[PDB]
Structure formats: C-alpha cells, structure tokens
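Keeping their order, the protein sequence lines are chains A, B, C and D. For the first sequence, the working numbering gives the first residue as 2, with consecutive numbering after it. For the second sequence, the working numbering gives the first residue as 352, with consecutive numbering after it. For the third sequence, the working numbering gives the first residue as 514, with consecutive numbering after it. For the fourth sequence, the working numbering gives the first residue as 59, with consecutive numbering after it. Virtual Cβ for every residue (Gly too), placed ideally from N, Cα, C.
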Amino acid sequence: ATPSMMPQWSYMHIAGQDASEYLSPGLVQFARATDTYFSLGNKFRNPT
Amino acid sequence: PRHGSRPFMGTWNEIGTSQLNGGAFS
Amino acid sequence: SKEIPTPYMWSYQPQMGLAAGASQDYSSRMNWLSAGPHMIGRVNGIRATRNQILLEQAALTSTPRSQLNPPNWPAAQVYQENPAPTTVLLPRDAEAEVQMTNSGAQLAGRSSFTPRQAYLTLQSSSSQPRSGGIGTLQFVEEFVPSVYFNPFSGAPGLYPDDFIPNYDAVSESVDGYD
Amino acid sequence: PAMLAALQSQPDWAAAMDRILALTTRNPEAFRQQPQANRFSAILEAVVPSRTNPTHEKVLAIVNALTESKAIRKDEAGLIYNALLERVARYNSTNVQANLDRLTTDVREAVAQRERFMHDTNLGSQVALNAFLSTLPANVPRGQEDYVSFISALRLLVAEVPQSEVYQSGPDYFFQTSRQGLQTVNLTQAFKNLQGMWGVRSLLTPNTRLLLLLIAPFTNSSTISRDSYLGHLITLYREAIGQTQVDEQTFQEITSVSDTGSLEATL
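Shown next, in the form of structure tokens:
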C-alpha cells in the first residue's frame, strides 16, 4: 500500500475493493443471477 | 647494520622569528 | 493561484546522499476533460485527499528541518549503523604456548596444555559517525512528496528554491558550465 | 563587523612593553633570549612608538558592514572599497577621518534595531499585517464578532514565530508564508470567504482550511463556543495537531524498534 496515492487508485479500482464489494449490493446480486444470458462480469474491473 | 641514534623530541628554530639555511639567498 | 495543487515529487541522487531536483507530478494524473461536473467534482477532492495524506505523512515521518534539501545532513539526524560488539574467542593461552615451546620440545603441530581461554570483546560501530548524505531508506522518509499550496507567489527570496535542480544551496546560486 | 575588520587587518603597545619589560606571567624569560637584533627592534618601539594610519582599517570596517546587511554584494567589495578609500583619500581631514570613526563605532553598535528586525519580524510581518488588517472590511462583520479573536490570533502567530512568517503583498492580495521554504503559502486576501461563516452553527476552500490549520495551535478558548464551523474546526484542527504529535512520536518509536508498515496503522 502507498498511502500517498491510495485514494488515487481506489478511485479507478486499480487497488482496493474487489468488483463484488464496491458496487451497490443490488447490482452485485442481480448480475450474479444474470451471467447466463447477459454477461456483466467483464465491465466493472476488479483490482489485483 | 644498526642505527638507533638519538636526539628526537623534535627541533627548535624558535619563533618570534624563523628558520635557518635561508630559504633563498646565496 | 491554485490551491488543491498537484504535489511536487522529489528526485533522488544515488550519489551524494542529499536529494536532487523536484517537479510537479509529471505523469501520475487523470485526464478529466472527458468528464462533466459530476466527476470533475470528485477528481477535485480525490486530489485534495491526496494532498492531505501527503501533508500528514510529511509531518509524521519527516524530521522537522529548516531547508528542504539540506546541503549536508548533520551527524545526528542521519540513520547510523550501530552494529553489535564483536566477540572473538581468542583460541589459545599465549603464556601456555610460549612456556611449553621454550620448555620441553613441543612444536605443537580448546587446549590440553592449559585450560585457560578468554574472549576479546571489541567495539564494532565506528570512531566518528557518518555526517553527509542519507540513504534511500531515509530519502523516502525525509523528502515526502512536497505539496506547494501556492505557486511561486512572492519576491525572489521566499520561493522554495530548493526545487530547481541547478541550485547550489551552499552559495544560493544556480550552477553553470552547461 | 569591526573585529572582522580587526581580524582582517592590524596584525598593541601595552602587550609589547609588558613583554620586553618582562612583566608577563607564563614565560617572562621570553624576550630576553631572542637574538640581540630583535631585542633592539622591539625596545625602540615601546620607547618611542611609531604612528599609524587607520583610514583603511575603519574603511574596511564599513565595507564589512554594508556587505553584511545587504547593500554592495559580496563580489563587489573590491570596487566599493577602492571607491570609498579614494573618496576618503581626497576630501580627507580631521573632518572626514573622524566622521568615519563615528560611523564605524556606531554601525556596529546601532545593530540592535537590526536584531529587533529579526526578533519580532517587525519588517514584513507586523508592519505588513497591521497594514493588511487595515485593508480588511470594517471591523464590524455582520454575523459574529469572533472575528476579532481570530484576527488577533493571526497577529500573535506572526509575532511569535520569527522563523520567517513573511507577509508579502504579492499584488492585490496579501499572502502569509509559514516559512522561508514557503510550502504552506496561504492567501490572506482569500479569506474574504471567511467573512461569511464568521458566525454560524464544505464552502471553505482548503486555502481557508490552510489558514485555520496554520493558526489553530495558537487558539485556546478564543474563537469560541459552537460558533459553527469556525469554532469547531479550529478545535478539531487543534485535536488533529495533538494527535499528529502523538502519531509522530509513535512512528519514530515504531521505526526505531525495527516498508509502509507504521504508515498504515497510524494514518
């Protein structure tokens, strides 16, 4: 972790929360039961 | 071959004025 | 002029421990001209949080000084190396050896002749502590990114004038011969 | 600035007739032993002292003064010195050769003001501020009169931090420095955005926040109450300053025990 630019990255999800915890639980739940006809997992980066 | 030899707590040429051989002056 | 300014990063010289040059964040910055006043109002503010983080981690990590890049760090604020007293176990009884060698015929190809043995704990650190220049693990501790909450707004004098790379703080002059 | 002229020239007579006469303490038997040439070239001095010509010396006692306050730059005291000497080597007389003497034995003594100039910064801190406070609005802001306590904390800050705390008037807007380094330049004509909240209970651009954080240490029960924002913030900034001291000592301790590390669970 780099405290100086930590907000800088969490801004773009370069580092920080995963793509299952920085979206409103509604979307996380909905897109989970939709990745069979309308995939959404590829547009909402998940940092590493 | 052996030397030892004495006289060495330094030297004087005391001041208020300075050294001998001249530095420069026939 | 501006106010949420973009911190002025500090450059390093792996040579003389003192730092070198300084410049606004050349690369790491967003491009918001493709944004409207809904995230250009949040980039402005993410950068402010960055500035506040820099300020806190500067006032919490640095060692308060009077000149941004001092020309020669004093011998008490530079991380010194304090090794441990080295202890050599002197591996013999000198008296015992010399004695026996003179006596008898021992040519001696712990010890058997005498059960005596003593350490020789020495000192290990140095005589005069280091004076000039800090190491990398001190650069990233002293010269935290510097935030310049206002531009060169003043007379020539008052102006962080340790930023221009070509400064000779010893003589307060820009070097030459370039 | 004189003994620097004494310690740049003029290599006494009491000290000479105190040694030839052999009236010293450490080694009285000093002058007796020299060659009989020296002892006849130092006895005819403290028997008939030779005059001197002091002009140069005290003239060099004036240059070393100018170039230490700031006129004649360090590299020009080879033209200034010749020019002064030649002027005082023309019109010289007991007139000037004295008028110097006074100048040289007063400039090194009338340095107290200069010392004062750097002991209350009454050169660009209070003269400037007590000028800027005269450019402020009338001293009767609408909302509250916690105004005066703040504006007095400002003067106290500028008067009790001689470090540099210069107050420029960088054109129409007078700006407060926190140090010659200047990495906290806050604009002091841009807190006519505090003639808003002077009395209430996100509109502060950090510039105002910078001023608050800059003075806060010097505020106690002054800016007071729950005078909104301006009240608390000052209290919260002081609380944060105390916590920052705590964290500073903590981080030095935790890095002396032993990498971000401490920076995470401190900030």
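No beta strand (DSSP E) of 3 residues or more sits fully in the stretch 74-137 of chain D.
At a beta-carbon threshold of 9 Å, none of the residues of chain A lie near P518(C); the nearest stands roughly 14 Å away. For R563(C), the nearest CB of chain A lies under 8 Å from its own CB, placing it at the interface with that chain. Shown here, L325(D) sits in coil according to DSSP, grouped into three states, outside any helix or strand. Residue environment: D305(D) is assigned as buried (16 or more neighbouring CB atoms within 10 Å of its CB, all protein chains considered). Inter-residue distance for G361(B) and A375(B) is about 24 Å (C-alpha atoms, whole angstroms). In the DSSP assignment, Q612(C) falls within the alpha helix (DSSP H) that extends over 607-615.
Counting of Cβ neighbours within 10 angstroms places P658(C) among the buried residues, the total reaching 16 or more. Annotation for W523(C): no alpha helix (DSSP H) segment contains it, though the beta strand (DSSP E) segment containing it runs 521-524. Taking C-alpha positions only, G648(C) is separated from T574(C) by approximately 15 Å. Looking at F652(C), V687(C), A668(C), the one whose alpha-carbon comes closest to that of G530(C) is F652(C). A548(C): not part of any alpha helix (DSSP H); DSSP gives it neither H nor E.
Within 8 Å of the CB of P658(C), the CB atoms of chain A belong to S5, in sequence order along the chain. Chain B places a beta carbon closer than 8 Å to that of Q92(D), counting this residue as a contact.
Within the same chain, Cβ atoms closer than 8 Å to the Cβ of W545(C) are found at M552, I553, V556, the five residues on either side in sequence being excluded. Look at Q570(C): its C-beta is under 8 Å from a C-beta on chain A.
The Cβ neighbour count for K116(D), taken over all protein chains shown within 10 Å, is at least 16; the residue is labelled buried. Interface residue (Cβ-Cβ distance to chain A less than 8 Å): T308(D) is not classified as such. With respect to chain C, the C-beta atom of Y12(A) has a partner C-beta closer than 8 Å. At the C-beta level, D675(C) and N582(C) come within 8 Å of one another. For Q234(D), the pairing in a beta bridge is given by DSSP as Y225(D), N244(D). Taking 8 Å as the upper bound on Cβ-Cβ separation, chain C lies near residues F233, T235, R237, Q238, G239, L240, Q241, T242, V243, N244, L245 of the stretch 231-254 of chain D. Around the Cβ of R560(C), a 10 Å sphere holds 16 or more other Cβ atoms; the residue is buried. Between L321(D) and chain A, the shortest Cβ-Cβ separation is below 8 Å. The straight-line gap separating the alpha-carbon atoms of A123(D) and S369(B) is approximately 36 Å. Residue-level contact by beta carbon fails for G530(C) and chain D, as no gap is shorter than 8 Å. Residue contact with chain D for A16(A): absent (no Cβ-Cβ distance below 8 Å to any residue of chain D). Within chain C, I559, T562, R563, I566 have C-beta atoms less than 8 Å from the C-beta of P8(A), given in sequence order. In the three-state reduction of the DSSP assignment, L650(C) falls in the helix class, which pools H, G and I. Inclusion of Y205(D) and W256(D) in the CB contact set at 8 Å is warranted, their separation being smaller than that value. Contact annotation, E516(C) with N265(D): C-beta distance approximately 5 Å; criterion of less than 8 Å satisfied. An exposed status is given to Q94(D), since fewer than 16 other beta-carbon atoms sit within 10 Å of its beta-carbon.
In the same chain as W523(C), and ignoring 5 residues on each side of it, the C-beta atoms closer than 7 Å to its own belong to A532, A535, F656, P658, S659, in chain order. Boundaries of the beta strand (DSSP E) around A533(C): 533-537. The criterion of a C-beta distance shorter than 8 Å is satisfied by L41(A) and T35(A).
For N265(D), the neighbours in chain C by C-beta distance under 7 Å run, in chain order, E516.
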